[PDB]
Amino acid sequence: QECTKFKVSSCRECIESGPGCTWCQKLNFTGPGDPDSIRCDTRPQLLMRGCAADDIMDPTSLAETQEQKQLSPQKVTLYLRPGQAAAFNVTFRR
Amino acid sequence: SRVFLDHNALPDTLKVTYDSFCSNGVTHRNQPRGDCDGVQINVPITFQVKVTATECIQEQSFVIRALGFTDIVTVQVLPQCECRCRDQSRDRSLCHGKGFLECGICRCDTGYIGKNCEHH
Ligand SMILES: CC(=O)N[C@@H]1[C@@H](O)[C@H](O)[C@@H](CO)O[C@@H]1O
Ligand SMILES: CC(=O)N[C@@H]1[C@@H](O)[C@H](O)[C@@H](CO)O[C@@H]1O
């Protein structure tokens with residue numbers, strides 16, 4: 001819920017600025033006296049400025065599992081956004 | 001009765017902690033590895049694994065195992081650093097049709113300037 005960026009010029013640079021940073025892709029979002037970096041901020045901050053929920057880019061960490069003996073599942077795929085933990089449970093039974 | 005969950009050596013870019021929800025409602029949070037005592041027959045125990053990357057990493061895999069057992073949980077890690085923004089494929093008017101629309105910003109073609117590539 002915090003975002004500290006500096007003169008970010010793209011969505012990629014924004015996302016790399018921190019786990020709480022999000023990017024507004026709304027056309028003309030930038031005013032005359034503002035840098036493109038204004039598009040980069042926390043979700044609540046962008047909503048305040050009128051960016052619609054579906055125009056806020058916010059890649060998020062995800063865990064997908066698949067399917068034994070002692071441990072399950074057997075396979076797990078994690079998509080990791082820097083600074084944002086991906087969580088999944090492993091079950092042990094004998 | 002003593003069950004430890006651990007993983008093979010990882011690069012400095014990956015951090016992993018374990019939450020151990022043992023029997024008798026005994027729970028350990030954010031430890032270097034899973035650790036529970038007891039474990040009655042057919043009684044399952046759960047460990048919550050949390051993986052955090054410090055940067056956009058290169059894809060790789062690693063394994064999680066319970067010490068003393070041959071079972072393996074294969075973990076594949078991939079970066080989540082790309083934005084899936086809207087492009088201009090369905091509107092030649094975007095950026096006045098003289099620049100590329102990239103996540104809300106127009107990257108004007110040479111000779112064109114302006115936030116919407118309208119000037120010059
Ligand atoms: C999408 C948007 O709000 N941008 C408008 C565009 O629609 C309009 O055609 C142009 C000229 O009037 O000015 C801005 O570029
Ligand atoms: C997100 C997830 O799958 N983790 C679960 C957690 O939600 C749950 O409260 C706990 C107790 O059963 O087990 C795991 O830690």
Side-chain angles (χ1 to χ4, degrees), chain A residues 19 23-34 36 38-39 46 49-57 60-67 70-81 83-93, chain B residues 3-7 15-40 42-52 64 66 73 75-77 80 85-109 112-120:
Chain A
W23 179 270
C24 181
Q25 75 173 347
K26 187 181 183 180
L27 292 173
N28 302 323
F29 189 65
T30 295
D34 288 315
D36 293 323
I38 300 306
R39 292 173 170 278
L46 296 178
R49 304 187 66 68
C51 198
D54 54 34
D55 274 331
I56 298 175
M57 305 292 94
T60 299
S61 295
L62 207 226
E64 302 188 314
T65 58
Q66 187 59 69
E67 303 189 4
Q70 262 53 290
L71 293 173
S72 62
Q74 295 63 51
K75 180 59 185 300
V76 172
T77 297
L78 309 179
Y79 295 83
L80 305 182
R81 177 213 247 282
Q84 185 170 55
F88 67 91
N89 293 314
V90 174
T91 302
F92 173 89
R93 72 161 57 195
Chain B
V3 180
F4 291 93
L5 254 202
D6 200 359
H7 52 279
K15 298 180 187 175
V16 41
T17 63
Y18 299 76
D19 289 357
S20 300
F21 304 86
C22 314
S23 301
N24 192 183
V26 179
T27 299
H28 290 175
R29 297 281 190 177
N30 313 300
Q31 298 303 297
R33 53 173 194 171
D35 185 3
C36 281
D37 286 356
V39 187
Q40 179 64 56
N42 302 311
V43 183
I45 53 178
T46 304
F47 299 91
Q48 189 170 207
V49 186
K50 289 185 174 185
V51 182
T52 309
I64 286 170
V73 173
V75 181
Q76 170 65 202
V77 175
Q80 260 287 235
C85 311
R86 174 143 290 126
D87 58 42
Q88 344 144 53
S89 57
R90 302 177 180 176
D91 191 359
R92 295 173 63 179
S93 64
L94 286 171
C95 302
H96 281 288
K98 296 296 171 59
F100 291 101
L101 176 67
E102 302 177 354
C103 293
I105 305 170
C106 289
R107 306 300 187 178
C108 308
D109 301 345
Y112 294 80
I113 188 57
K115 287 188 289 181
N116 279 287
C117 311
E118 73 274 33
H119 300 316
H120 237 307

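Numbering of ligands and ligand atoms starts at 1, following listing order. Just so it is clear, the values below take in all heavy atoms, side chains as well, and ignore hydrogens, waters and symmetry mates. A, B, ... follow the sequence lines: proteins, then strands. Residue 1 opens every chain.
Ring to ring, B/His28 and B/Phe47 are not that close: their centroids are 6.0 angstrom or more apart.
Here the closest non-hydrogen pair linking A/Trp23 and B/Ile105 is CZ2-CD1, 3.7 Å.
Remark: the backbone N or O of B/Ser89 is paired with a side-chain donor or acceptor of B/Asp87 at under 3.5 angstrom.
With respect to the salt-bridge test (charged N to carboxylate O, under 4.0 angstrom), the residues B/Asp19 and B/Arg29 qualify.
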Checklist line | Verdict with supporting geometry, B/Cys117 and B/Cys106, disulfide bond (SG atoms under 2.5 Å apart) | finding: CA-CA 7 Å; B/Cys117 311; B/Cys106 289; 4.6 Å; no
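Counting the atoms of ligand 1 from 1 in the order shown, those under 4.0 Å from a heavy atom of A/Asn28 are 2 (C), 3 (O), 4 (N), 5 (C), 14 (C), 15 (O). The distance from ligand 1 to the heavy atoms of B/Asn116 drops below 4.0 Å at these ligand atoms: 15 (O).
The closest side-chain heavy-atom distance from A/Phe92 to B/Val73 is not below 4.5 Å.
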Does ligand 2 have any N/O pairs with the protein under 3.5 Å, and how far apart?
unit_1: ligand 2; atom_1: 3 (O); unit_2: A/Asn89; atom_2: ND2; d: 2.8
unit_1: ligand 2; atom_1: 4 (N); unit_2: A/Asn89; atom_2: OD1; d: 3.4
unit_1: ligand 2; atom_1: 4 (N); unit_2: A/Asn89; atom_2: ND2; d: 2.9
unit_1: ligand 2; atom_1: 4 (N); unit_2: B/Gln48; atom_2: OE1; d: 2.7
unit_1: ligand 2; atom_1: 15 (O); unit_2: A/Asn89; atom_2: OD1; d: 3.1
unit_1: ligand 2; atom_1: 15 (O); unit_2: B/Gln48; atom_2: OE1; d: 3.4
unit_1: ligand 2; atom_1: 15 (O); unit_2: B/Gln48; atom_2: NE2; d: 2.9

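Cation-pi geometry between B/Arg107 and B/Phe100 is not met: the NZ or CZ atom fails to fall both under 6.0 Å from the ring centre and inside 45° of the normal.
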